[PDB]
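Trainee: Below is the structure I would like to discuss, written out as structure tokens.
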Amino acid sequence: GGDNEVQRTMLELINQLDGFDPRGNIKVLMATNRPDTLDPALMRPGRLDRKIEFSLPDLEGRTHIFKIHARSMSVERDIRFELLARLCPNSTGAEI
Amino acid sequence: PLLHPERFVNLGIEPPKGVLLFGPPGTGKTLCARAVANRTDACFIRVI
Amino acid sequence: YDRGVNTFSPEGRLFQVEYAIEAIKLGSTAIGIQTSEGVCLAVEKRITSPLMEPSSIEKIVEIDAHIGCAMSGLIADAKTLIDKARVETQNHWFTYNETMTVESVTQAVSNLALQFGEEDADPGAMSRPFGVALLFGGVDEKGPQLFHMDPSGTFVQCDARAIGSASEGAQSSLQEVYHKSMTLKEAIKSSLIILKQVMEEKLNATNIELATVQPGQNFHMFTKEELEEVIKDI
Amino acid sequence: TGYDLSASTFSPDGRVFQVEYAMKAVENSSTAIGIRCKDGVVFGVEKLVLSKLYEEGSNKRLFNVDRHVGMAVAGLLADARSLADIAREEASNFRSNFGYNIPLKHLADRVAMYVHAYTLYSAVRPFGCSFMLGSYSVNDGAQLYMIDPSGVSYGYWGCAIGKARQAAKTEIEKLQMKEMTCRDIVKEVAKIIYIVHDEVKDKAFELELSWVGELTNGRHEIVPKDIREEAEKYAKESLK
Amino acid sequence: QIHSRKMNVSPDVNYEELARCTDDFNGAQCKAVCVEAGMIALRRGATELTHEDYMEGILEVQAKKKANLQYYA
Amino acid sequence: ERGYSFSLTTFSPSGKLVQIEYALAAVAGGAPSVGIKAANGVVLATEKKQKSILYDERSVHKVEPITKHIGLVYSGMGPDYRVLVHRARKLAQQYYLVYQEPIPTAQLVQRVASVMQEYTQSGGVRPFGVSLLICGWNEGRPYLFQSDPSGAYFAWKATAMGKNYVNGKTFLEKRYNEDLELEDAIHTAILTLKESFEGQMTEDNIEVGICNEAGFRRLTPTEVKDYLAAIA
Amino acid sequence: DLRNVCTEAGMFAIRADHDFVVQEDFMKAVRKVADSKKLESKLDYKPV
Amino acid sequence: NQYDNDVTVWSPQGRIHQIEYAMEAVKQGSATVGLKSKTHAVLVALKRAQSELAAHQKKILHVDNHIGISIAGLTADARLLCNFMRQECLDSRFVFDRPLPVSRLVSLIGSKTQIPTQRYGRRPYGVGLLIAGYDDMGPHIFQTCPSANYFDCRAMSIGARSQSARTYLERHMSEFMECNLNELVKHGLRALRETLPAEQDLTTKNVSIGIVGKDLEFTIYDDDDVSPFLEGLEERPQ
Amino acid sequence: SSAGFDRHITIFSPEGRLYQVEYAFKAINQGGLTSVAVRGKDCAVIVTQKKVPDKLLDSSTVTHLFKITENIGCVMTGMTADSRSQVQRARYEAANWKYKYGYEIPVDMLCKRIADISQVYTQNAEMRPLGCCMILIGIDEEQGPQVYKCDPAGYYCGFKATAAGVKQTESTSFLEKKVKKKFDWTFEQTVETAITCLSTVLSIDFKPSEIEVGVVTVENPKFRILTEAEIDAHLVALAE
Ligand SMILES: Nc1ncnc2c1ncn2[C@@H]1O[C@H](COP(=O)(O)OP(=O)(O)OP(=O)(O)O)[C@@H](O)[C@H]1O
Ligand SMILES: [Mg+2]
């Protein structure tokens, strides 16, 4: 037996949301990093209706993250961040 | 649906119940959860 | 976590070709404009050290007496493609005795793009798709012609193309300054304006390069003497 | 796990899994029947009408490999077509090498060995079609053979492949097929096909029939339109 | 046809098409279409549901990933 | 078709070939055998034991004569021993077709070891599972050799390979010397094969071959029955 | 399993209102059960 | 999901996933329609472009005097197949001195594209060919798919959002047995007009028409003489 | 016990074993059949059983016995397709031997060459080692009858009485107990013993339509298949 106990936990969590007079007025909200390993029975709708997805920022994202994280700075008044956005192709908010 | 629980009941729909957030590390999902927690009014139980 | 080089994604697109498409964004910018008068091409160099010899690094290189090419992305591998282009043109002239349209050369090259095959044949230009993006500019019987070719194997004729790292901004800004009653001089001036606006470092007569082709003369490129005329006349 | 990936590794209990997956791939095709009479054999195929846009006679599932041998298939169409081509090439090669029509007991073996060559090495995959061969000769009688993906060739008085193999072969065996000639067999086949695939699963379909025997000078071909018209009219009464 | 029974659907849908546009959907997904397409219309403040909303819903619940450029054809 | 074209035996982080070691561990579990030589000839002894009485022991052999004066025996895996014997036969013919002279034993051993080693660096294979003992008599002086799945070869005065082979080595050390007779050699070899022999020793469960400066031969059951008699 | 055969052969007659069994239902039942046992393990096991 | 990495493997439900993926890729192209009358066959294509100052991508290709094709997918494989078509037709003309009948050619294509879906480490060809031709037996419309499977059809539509157009074709199916080219092409355009949203339609720069007939060779009309066909078309009801 | 890829390809385990060969042996038992072979004083006999679950199947084309050569016969156990492939290989090899050397092949050399051919499969990493076992019977001049057996791993050997199938162990026990009598053997004795061994192992008390027998004698080396009539004669004469 491997991971059997954790599997029983997962089954109980699944069962709490479906079958015989469901919970009613409760909303859940989940997150993950590598979702390919999620179980099919958990990803079925009726449990996970929407599958919002967060991707790497494009270009307005980068300049706008710069605007947000640098707006409390004592810096020069005549620098342009668009060049800074161009200089980093695929990067996350953390890097900014 | 919580702050306007009349539009859906009037027209005759029941809103969804779930949502999943996924993406590469550092992208910013946990921060969205914090934002939601700040805004709301009903309880909010966090589990890891 | 390991797949062959010939795998389809769950949404239908290929893997290697998409990655190369994303990779050509790491190169320097390049802008090309076609006008009934003629075609002009402009490119940056990204000089890093004062010990650079700026004339050593070049982007625009002619393919024949009347066809010019602009390259972006990686450079090391494009030499093969340029070589096959030249050899094909000369072979066609030898066999049939005329000059070829830039369109025929474009697709004759593009048929070479998708060849990577792990198994099968003897040494092939395998392993990976090429990483370069190309602009082709020529003058044929139907006037000036400008084509754009891409790592996926797709080629299309355009009027004002911008490729490279800063491609989006150039394309966005270029739409509001173009129409069909265009003339060569003001075209070159507007192109220079755009380049200087999106440049990283300062602008001089050695940080950029231009070339023009008209139906009259052959492929001709400017040197450090006629290049500053438009710079001071900006 | 991981024992079912390639076709070169045995499971601990001692069997190959890829071939079993292929057979399960077969068990979703439509249905086909073939039965032998006193002096010939009769095939019968039911073709589902996927949509109204296609034409009748499209994607024929009956192939006449030679001038005197018929073939019926069930599985994936492309693999079926490739196998049909290789069988046809084998027949012509044999005629050229020696000089007379090939007997069944040899042609079926050649096709079976060629198929079985696709279940050892890991650089190829097993096929996905199961088929039936029929023929008649004046000096050889009536021959029927059936072949599966694994590479097994067997002889039958009458057999059926597809979704409802068991249901069909329930009523195959009731008929006394040892004597009665295959002029009234056709009505039996139409009746035995119309009693399956309920209207709930699908609305409408079409029917194909083949023909071989000395009744047609041993040649293999298709049935005339009036004959199948009469057979369908007859089988319309069996629903009572 | 069962689940969309309550909401005020306009007399113009064509379920015989939608059933053919869905493929490999299990039953729960075919339920979910009927609620997503009910939300889309309210987003634009209209009253009755309309065919195009069902098409949008279908395009939703597949949950296909971002495809960036389309350079095919 | 097409093979795999990449070797399956590679250096471990401690720099040890794993596959050849596992092959040796498999070799150690084979049928025991011993070999001796003393100043007049060479003797090879090995044990065979069929599981049931139904097997016809007259159909197969362990000791195989390559030529009139070279002998070979094995310890370990069953089938590939035949492949190696066939290759050795072929090499012998190839050599004799050049110099019109019987192969000296050392050259034969060198070539066979060459094949065995070459087989561990090719593509998509695994090495053999056998240990070989070779005997010969050329130019008066008798010769004994022992190869190995790794390809290394040695010259031994008397050795033992198989189950409990270390005890056979110790016993031979405590008994073997430099000046003896062929008959005493045969007796002591049979004695050391009886160290851990089966329930009973008969004339058909032991295979013995000899090679003197007159030639190599396999002994018939009559003389085996006689030697087993007046012994033990 | 044979008890089950003898049960199904009756079930096929409770519908169609025959209060008597006939030999065809035994064939039906045997093939119906024959194909349902394709998901047991069929390992014998042995004490040792 | 380890069953999704190579052609050779078989899933437990008996569906290889590579072929399903290739079909899904074919659904990415722009719409295209094809249909036949008693003695003429017409195929219609709707084009696409990226920026307002780039030329539209072409779709219809010219194979031979009595054979034309339409393409949906990625273009490199399309050229790879068209070269084969040209080669075979020329060879048949050179040897037996007669036009190659359409069905034999289609069978050749099926047998050719089947091979890669069986070996190891070989992808399928991603294309959605629609073949329109004329032979001694009259008009012919055929469709292929990446699974090395082809169908015979009398009215078919493929590409993204091709489903509504297919329904429209199904509705007005009978009348093709009496109409002529003038109204036939107008029916085809009516069919294609349904697969567009409620803001933009036909403007003569996004349409291409190919016709073959008993007495007319395969002809392509695009961007100029197309106005004669388009004009006189009733507006979309709203 | 294992690490890496010992369970997927033919490579050595840490303990010295290798599993991809040990799995074929238990793959043998998947069919569910058994065969027995006996060598007499001047005769050789083989007995096998056949099972025909349904009437639709033609009972004349399920024979497991095959005729390799006018003086050599073989009997098959295990899977089906692999069996046919190995049979064809043997026929081809014998014909080539006849072409090359101009006189008949002795049985032992043929068995050796087929087993050696099998041995290569367990040496590389692309193929499957063919799970089906072989029994041969023949007559050799100056040596009388001879019986040999060949297995998938490549270990061939000549026996005096053998059994292959599901019930190997108890049958070998019975044969050992019987042969311990140390008496003379004749044709009737051989056939009676071979029949009763299988009869008591399976405990059937069968009918003449379920068992096939092959024999060879030193008066007419031509291998032959016994007719049902004389099979019935032997069977009824056995029951005193
Ligand atoms: N859109 C954004 N706007 C502002 N800051 C952002 C944005 N996206 C990411 N960040 C920054 O990057 C970091 C994101 O890490 P966070 O703690 O939110 O984890 P995560 O991306 O949700 O997931 P994980 O815990 O798996 O890394 C934060 O420090 C945040 O400041
Ligand atoms: Mg987090």
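Convention: chains lettered A, B, ... in structure tokens order; per-chain residue numbering from 1; ligands numbered from 1 as shown.
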May I ask you to write as a VMD selection string all residues lying at most 6 Å from ligand 1, with only C-alpha atoms and all ligand atoms counted?

Mentor: (chain A and resid 33 65 93 to 94) or (chain B and resid 25 to 31)

Trainee: Taking 3 positions as the minimum chain separation for residues in the same chain, which residues sit within 10 Å of range 5-10 of chain B when counting only C-alpha atoms? Answer as a ChimeraX atom specification.

Mentor: /B:1-2,13-15 /E:38-39,42

Trainee: Using only C-alpha atoms, please write the residues we just selected to a file, as a PDB file, in the first residue's frame.

Mentor:
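Written out: part_12.pdb:
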ATOM      1  CA  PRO B   1     -23.747  36.664  -5.650  1.00  0.00           C
ATOM      2  CA  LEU B   2     -23.360  37.385  -1.933  1.00  0.00           C
ATOM      3  CA  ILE B  13     -29.974  30.922 -12.240  1.00  0.00           C
ATOM      4  CA  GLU B  14     -27.823  29.456  -9.518  1.00  0.00           C
ATOM      5  CA  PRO B  15     -24.224  30.660  -9.681  1.00  0.00           C
TER       6      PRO B  15
ATOM      7  CA  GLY E  38     -27.031  31.705 -18.402  1.00  0.00           C
ATOM      8  CA  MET E  39     -24.393  33.861 -16.804  1.00  0.00           C
ATOM      9  CA  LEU E  42     -26.728  38.493 -17.568  1.00  0.00           C
TER      10      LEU E  42
END

Trainee: Dump as a list in words the residues of chain D that approach chain G to within 10 Å, counting only C-alpha atoms.

Mentor: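 So the residues of chain D near chain G are residues 13, 166, 167 and 170 of chain D.
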
Trainee: Measure the distance from CA of residue 47 in chain F to CA of residue 206 in chain F in Å and round it to one decimal.

Mentor: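 Distance reported for this atom pair: 4.8 Å.
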
Trainee: Within 8 Å of chain E, which residues belong to chain H? Use only C-alpha atoms and report them as JSON, numbers by chain.

Mentor: {"H": [28, 29, 30, 57, 59, 71, 72, 73, 74, 75, 163, 164, 167]}

Trainee: Hey, can you spit out that residue selection with N, CA and C atoms as an mmCIF file, in the first residue's frame?

Mentor:
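Just written: out-v8.cif:
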data_model
loop_
_atom_site.group_PDB
_atom_site.id
_atom_site.type_symbol
_atom_site.label_atom_id
_atom_site.label_comp_id
_atom_site.auth_asym_id
_atom_site.auth_seq_id
_atom_site.Cartn_x
_atom_site.Cartn_y
_atom_site.Cartn_z
ATOM 1 N N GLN H 28 -8.288 24.249 -36.521
ATOM 2 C CA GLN H 28 -7.818 25.609 -36.267
ATOM 3 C C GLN H 28 -7.914 26.543 -37.468
ATOM 4 N N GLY H 29 -8.039 26.023 -38.683
ATOM 5 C CA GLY H 29 -7.996 26.856 -39.867
ATOM 6 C C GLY H 29 -9.262 27.670 -40.064
ATOM 7 N N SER H 30 -9.239 28.498 -41.101
ATOM 8 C CA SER H 30 -10.410 29.280 -41.468
ATOM 9 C C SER H 30 -11.429 28.414 -42.202
ATOM 10 N N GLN H 57 -3.642 35.749 -46.530
ATOM 11 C CA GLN H 57 -3.127 34.427 -46.855
ATOM 12 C C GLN H 57 -4.022 33.741 -47.875
ATOM 13 N N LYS H 59 -5.533 30.379 -49.933
ATOM 14 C CA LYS H 59 -5.933 29.035 -49.540
ATOM 15 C C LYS H 59 -6.042 28.068 -50.705
ATOM 16 N N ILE H 71 -7.261 23.907 -48.633
ATOM 17 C CA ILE H 71 -6.351 23.535 -47.559
ATOM 18 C C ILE H 71 -6.764 24.205 -46.259
ATOM 19 N N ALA H 72 -6.667 23.463 -45.159
ATOM 20 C CA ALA H 72 -6.832 24.011 -43.817
ATOM 21 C C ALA H 72 -5.865 23.287 -42.896
ATOM 22 N N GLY H 73 -4.974 24.032 -42.251
ATOM 23 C CA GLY H 73 -3.983 23.434 -41.376
ATOM 24 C C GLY H 73 -2.714 24.255 -41.334
ATOM 25 N N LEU H 74 -1.553 23.620 -41.439
ATOM 26 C CA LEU H 74 -0.296 24.342 -41.537
ATOM 27 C C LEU H 74 0.289 24.126 -42.923
ATOM 28 N N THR H 75 0.852 25.186 -43.486
ATOM 29 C CA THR H 75 1.027 25.248 -44.927
ATOM 30 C C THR H 75 2.159 24.378 -45.447
ATOM 31 N N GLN H 163 -19.598 24.421 -38.113
ATOM 32 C CA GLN H 163 -20.736 23.573 -37.811
ATOM 33 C C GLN H 163 -22.032 24.215 -38.272
ATOM 34 N N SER H 164 -22.173 25.518 -38.067
ATOM 35 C CA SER H 164 -23.399 26.176 -38.488
ATOM 36 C C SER H 164 -23.552 26.123 -39.999
ATOM 37 N N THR H 167 -24.895 22.784 -40.934
ATOM 38 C CA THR H 167 -26.334 22.684 -40.730
ATOM 39 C C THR H 167 -27.087 23.360 -41.857
#

Trainee: Excluding range 132-148 of chain C and its own-chain neighbours fewer than 5 positions away, which residues fall within 6 Å of it when counting only C-alpha atoms? Please give them as a count of residues only.

Mentor: 14

Trainee: Within 6 Å of chain D, which residues belong to chain I? Use only C-alpha atoms and report them as a PyMOL selection string.

Mentor: chain I and resi 8+23+26-27+56-58+81+126-128

Trainee: Could you turn the residues from that selection into a file that holds N, CA, C and O atoms, as a compact mmCIF listing (two decimals), in the first residue's frame?

Mentor:
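Wrote selection-v3.txt, looks like this:
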# COMPACT_ATOMS: atom_id res chain seq x y z
N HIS I 8 11.92 -4.89 -17.23
CA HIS I 8 11.40 -4.49 -18.52
C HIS I 8 12.16 -5.07 -19.70
O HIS I 8 11.56 -5.24 -20.75
N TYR I 23 9.37 -15.08 -17.48
CA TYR I 23 7.96 -14.83 -17.69
C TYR I 23 7.38 -15.64 -18.85
O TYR I 23 6.20 -15.99 -18.82
N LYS I 26 5.80 -19.08 -17.79
CA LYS I 26 4.43 -19.07 -17.32
C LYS I 26 3.48 -18.52 -18.36
O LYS I 26 2.27 -18.69 -18.22
N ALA I 27 3.99 -17.86 -19.40
CA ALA I 27 3.10 -17.51 -20.50
C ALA I 27 2.66 -18.73 -21.27
O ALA I 27 1.65 -18.68 -21.98
N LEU I 56 -20.26 -24.00 -34.31
CA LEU I 56 -19.98 -23.25 -35.53
C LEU I 56 -18.57 -23.49 -36.02
O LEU I 56 -18.30 -23.34 -37.22
N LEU I 57 -17.66 -23.87 -35.14
CA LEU I 57 -16.26 -24.00 -35.51
C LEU I 57 -16.05 -25.30 -36.28
O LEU I 57 -16.54 -26.36 -35.87
N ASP I 58 -15.33 -25.23 -37.39
CA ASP I 58 -15.04 -26.42 -38.17
C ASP I 58 -14.02 -27.28 -37.45
O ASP I 58 -12.86 -26.87 -37.28
N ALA I 81 0.18 -18.01 -32.73
CA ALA I 81 0.91 -17.40 -33.83
C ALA I 81 2.39 -17.74 -33.76
O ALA I 81 2.99 -18.17 -34.75
N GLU I 126 15.49 -5.87 -28.20
CA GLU I 126 14.42 -5.41 -29.08
C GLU I 126 13.28 -6.40 -29.19
O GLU I 126 12.15 -5.98 -29.39
N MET I 127 13.55 -7.69 -29.07
CA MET I 127 12.52 -8.68 -29.32
C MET I 127 11.99 -9.24 -28.01
O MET I 127 12.45 -8.91 -26.92
N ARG I 128 10.99 -10.10 -28.13
CA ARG I 128 10.28 -10.96 -27.20
C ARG I 128 10.75 -12.39 -27.40
O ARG I 128 10.96 -12.81 -28.54

Trainee: Please return, as a VMD selection string, all residues of chain F lying within 6 Å of chain I when only C-alpha atoms are considered.

Mentor: chain F and resid 22 25 to 26 54 to 56 124 to 125

Trainee: I'd like the contact shell of range 111-122 of chain C - 10 Å cut-off, only C-alpha atoms, skipping same-chain residues fewer than 6 positions apart - returned as an MDAnalysis selection string.

Mentor: (chainID C and resid 4:6 16:17 81 84 128:130 150:154) or (chainID H and resid 75:77 79:80 120:123)

Trainee: For the residues in that selection, give me N, CA, C and O atoms as a tab-separated table (two decimals), in the first residue's frame.

Mentor:
chain	number	residue	atom	x	y	z
C	4	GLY	N	10.01	13.37	-28.01
C	4	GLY	CA	10.75	13.56	-29.24
C	4	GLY	C	10.57	14.96	-29.77
C	4	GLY	O	9.78	15.76	-29.26
C	5	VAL	N	11.32	15.27	-30.83
C	5	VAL	CA	11.22	16.59	-31.44
C	5	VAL	C	10.01	16.72	-32.35
C	5	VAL	O	9.86	17.77	-33.00
C	6	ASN	N	9.16	15.71	-32.44
C	6	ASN	CA	8.03	15.70	-33.37
C	6	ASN	C	6.73	15.43	-32.64
C	6	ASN	O	5.97	14.54	-33.01
C	16	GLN	N	8.38	22.36	-30.85
C	16	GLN	CA	9.63	23.01	-31.21
C	16	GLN	C	9.38	24.31	-31.94
C	16	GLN	O	10.03	25.32	-31.68
C	17	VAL	N	8.40	24.31	-32.84
C	17	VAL	CA	8.17	25.50	-33.64
C	17	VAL	C	7.69	26.65	-32.77
C	17	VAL	O	8.10	27.80	-32.95
C	81	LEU	N	21.11	29.21	-44.82
C	81	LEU	CA	19.96	29.63	-45.61
C	81	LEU	C	20.37	30.62	-46.69
C	81	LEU	O	19.95	30.50	-47.85
C	84	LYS	N	22.10	28.71	-49.52
C	84	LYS	CA	21.18	28.00	-50.40
C	84	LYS	C	20.41	28.95	-51.29
C	84	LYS	O	20.16	28.65	-52.46
C	128	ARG	N	16.77	20.80	-34.75
C	128	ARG	CA	15.91	21.89	-34.35
C	128	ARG	C	15.57	22.73	-35.56
C	128	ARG	O	16.29	22.70	-36.56
C	129	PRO	N	14.47	23.45	-35.52
C	129	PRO	CA	14.18	24.43	-36.56
C	129	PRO	C	15.09	25.63	-36.40
C	129	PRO	O	15.53	25.95	-35.30
C	130	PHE	N	15.35	26.31	-37.51
C	130	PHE	CA	16.22	27.47	-37.48
C	130	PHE	C	15.56	28.60	-36.71
C	130	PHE	O	14.34	28.71	-36.67
C	150	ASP	N	9.26	33.41	-41.67
C	150	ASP	CA	9.12	33.05	-40.27
C	150	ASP	C	9.58	31.62	-40.03
C	150	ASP	O	9.56	30.81	-40.96
C	151	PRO	N	10.03	31.28	-38.82
C	151	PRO	CA	10.55	29.92	-38.58
C	151	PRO	C	9.57	28.80	-38.87
C	151	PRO	O	10.01	27.67	-39.12
C	152	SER	N	8.27	29.06	-38.83
C	152	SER	CA	7.30	28.00	-39.07
C	152	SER	C	7.22	27.56	-40.52
C	152	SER	O	6.64	26.51	-40.80
C	153	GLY	N	7.79	28.32	-41.45
C	153	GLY	CA	7.67	28.02	-42.86
C	153	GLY	C	6.64	28.84	-43.61
C	153	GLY	O	6.40	28.56	-44.79
C	154	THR	N	6.07	29.85	-42.98
C	154	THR	CA	5.03	30.67	-43.59
C	154	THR	C	5.64	31.97	-44.09
C	154	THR	O	6.38	32.62	-43.36
H	75	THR	N	0.85	25.19	-43.49
H	75	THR	CA	1.03	25.25	-44.93
H	75	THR	C	2.16	24.38	-45.45
H	75	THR	O	2.10	23.93	-46.60
H	76	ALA	N	3.19	24.14	-44.65
H	76	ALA	CA	4.34	23.39	-45.15
H	76	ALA	C	3.93	22.00	-45.61
H	76	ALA	O	4.29	21.56	-46.71
H	77	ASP	N	3.16	21.30	-44.79
H	77	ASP	CA	2.67	19.99	-45.20
H	77	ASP	C	1.80	20.10	-46.44
H	77	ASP	O	1.80	19.20	-47.28
H	79	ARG	N	2.15	22.18	-49.00
H	79	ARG	CA	3.02	22.17	-50.17
H	79	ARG	C	3.65	20.80	-50.38
H	79	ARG	O	3.80	20.34	-51.52
H	80	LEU	N	4.01	20.14	-49.28
H	80	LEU	CA	4.62	18.82	-49.41
H	80	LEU	C	3.69	17.85	-50.12
H	80	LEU	O	4.14	17.00	-50.89
H	120	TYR	N	7.89	4.39	-35.63
H	120	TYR	CA	8.28	4.96	-34.35
H	120	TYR	C	8.86	6.35	-34.56
H	120	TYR	O	9.70	6.55	-35.43
H	121	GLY	N	8.41	7.31	-33.75
H	121	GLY	CA	8.97	8.65	-33.83
H	121	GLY	C	8.70	9.35	-35.14
H	121	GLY	O	9.61	9.94	-35.72
H	122	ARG	N	7.47	9.26	-35.64
H	122	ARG	CA	7.05	9.94	-36.85
H	122	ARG	C	5.70	10.59	-36.59
H	122	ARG	O	4.79	9.94	-36.09
H	123	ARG	N	5.58	11.84	-36.91
H	123	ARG	CA	4.32	12.53	-36.69
H	123	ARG	C	3.40	12.36	-37.88
H	123	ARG	O	3.83	11.96	-38.96

Trainee: Run DSSP on the backbone of this structure and report the residues of range 3-226 of chain I it assigns to strand (DSSP E), as a ChimeraX atom specification.

Mentor: /I:34-39,43-49,65-69,72-78,132-140,144-150,157-159,161-165,211-217,224-225

Trainee: Take the residues that were just selected and, keeping C-alpha atoms, output them as a compact mmCIF listing (two decimals), in the first residue's frame.

Mentor:
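After the write, selection_3.txt holds the following:
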# COMPACT_ATOMS: atom_id res chain seq x y z
CA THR I 34 -1.49 -30.53 -22.47
CA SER I 35 0.49 -32.99 -24.58
CA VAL I 36 2.38 -36.20 -23.83
CA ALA I 37 5.08 -38.05 -25.76
CA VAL I 38 6.44 -41.56 -25.22
CA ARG I 39 9.33 -43.50 -26.75
CA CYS I 43 8.02 -47.00 -31.82
CA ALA I 44 7.28 -43.41 -30.88
CA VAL I 45 3.87 -42.06 -29.90
CA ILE I 46 2.42 -38.63 -29.14
CA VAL I 47 -1.00 -37.86 -27.68
CA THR I 48 -2.74 -34.49 -27.45
CA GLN I 49 -6.20 -33.16 -26.67
CA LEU I 65 0.04 -31.59 -35.00
CA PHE I 66 2.13 -30.66 -38.02
CA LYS I 67 4.26 -32.66 -40.43
CA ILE I 68 7.76 -31.23 -40.67
CA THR I 69 9.28 -33.91 -42.88
CA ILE I 72 10.01 -36.15 -38.62
CA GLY I 73 6.96 -34.92 -36.72
CA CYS I 74 6.36 -32.09 -34.26
CA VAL I 75 3.80 -31.19 -31.62
CA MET I 76 3.10 -27.73 -30.28
CA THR I 77 2.34 -26.11 -26.94
CA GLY I 78 1.64 -22.51 -25.93
CA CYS I 132 5.82 -21.55 -27.30
CA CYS I 133 7.39 -24.96 -26.70
CA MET I 134 8.28 -27.69 -29.19
CA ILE I 135 8.32 -31.50 -29.18
CA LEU I 136 9.86 -33.59 -31.98
CA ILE I 137 9.75 -37.31 -32.72
CA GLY I 138 11.69 -39.17 -35.35
CA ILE I 139 13.65 -42.26 -36.30
CA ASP I 140 17.41 -42.29 -36.78
CA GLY I 144 16.10 -46.30 -33.36
CA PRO I 145 13.49 -43.75 -32.35
CA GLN I 146 14.37 -40.45 -30.72
CA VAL I 147 12.35 -37.81 -28.86
CA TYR I 148 13.51 -34.24 -28.23
CA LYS I 149 12.12 -31.13 -26.56
CA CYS I 150 12.91 -27.43 -27.03
CA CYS I 157 17.33 -32.00 -24.72
CA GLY I 158 16.45 -35.56 -25.66
CA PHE I 159 14.18 -37.42 -23.29
CA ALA I 161 9.00 -39.62 -22.01
CA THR I 162 7.80 -36.05 -21.58
CA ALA I 163 4.75 -33.90 -20.99
CA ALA I 164 4.18 -30.20 -21.66
CA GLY I 165 1.27 -28.07 -20.57
CA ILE I 211 -7.85 -36.84 -28.72
CA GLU I 212 -5.29 -36.87 -31.53
CA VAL I 213 -2.42 -39.35 -31.81
CA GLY I 214 0.71 -39.44 -33.94
CA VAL I 215 2.99 -42.45 -34.32
CA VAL I 216 6.12 -43.59 -36.08
CA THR I 217 7.51 -47.13 -36.36
CA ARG I 224 1.08 -40.61 -39.94
CA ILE I 225 -2.06 -39.40 -38.19

Trainee: Any chance you could list, as a PyMOL selection string, the residues in chain G that come up alpha helix (DSSP H) when DSSP is run on the backbone?

Mentor: chain G and resi 2-14+23-34

Trainee: Can you check which residues of chain C have any atom within 12 Å of chain A? Use only C-alpha atoms and format it as a PyMOL selection string.

Mentor: chain C and resi 22-29+164-169+197-201

Trainee: Using only C-alpha atoms and all ligand atoms, find the one residue out of A:32, A:70, A:11, A:19 that sits nearest to ligand 2.

Mentor: A:32

Trainee: Calculate how many Å separate CA of residue 138 in chain F from CA of residue 169 in chain F, rounding to one decimal.

Mentor: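 Between these atoms lies a distance of 26.5 Å.
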
Trainee: Could you tell me which residues of chain A sit within 12 Å of chain H when counting only C-alpha atoms, and give me the result as a VMD selection string?

Mentor: chain A and resid 35 to 40

Trainee: Leaving out residue 30 in chain E and any residue of its chain fewer than 6 positions from it, which residues lie within 10 Å of it when counting only C-alpha atoms, given as number ranges by chain?

Mentor: A: 45; E: 3, 18-19, 22, 58, 61

Trainee: Write out as a VMD selection string every residue belonging to chain E that has an atom at most 10 Å from any atom of chain B, counting only C-alpha atoms.

Mentor: chain E and resid 4 6 to 8 32 34 to 36 38 to 39 42 47 to 48
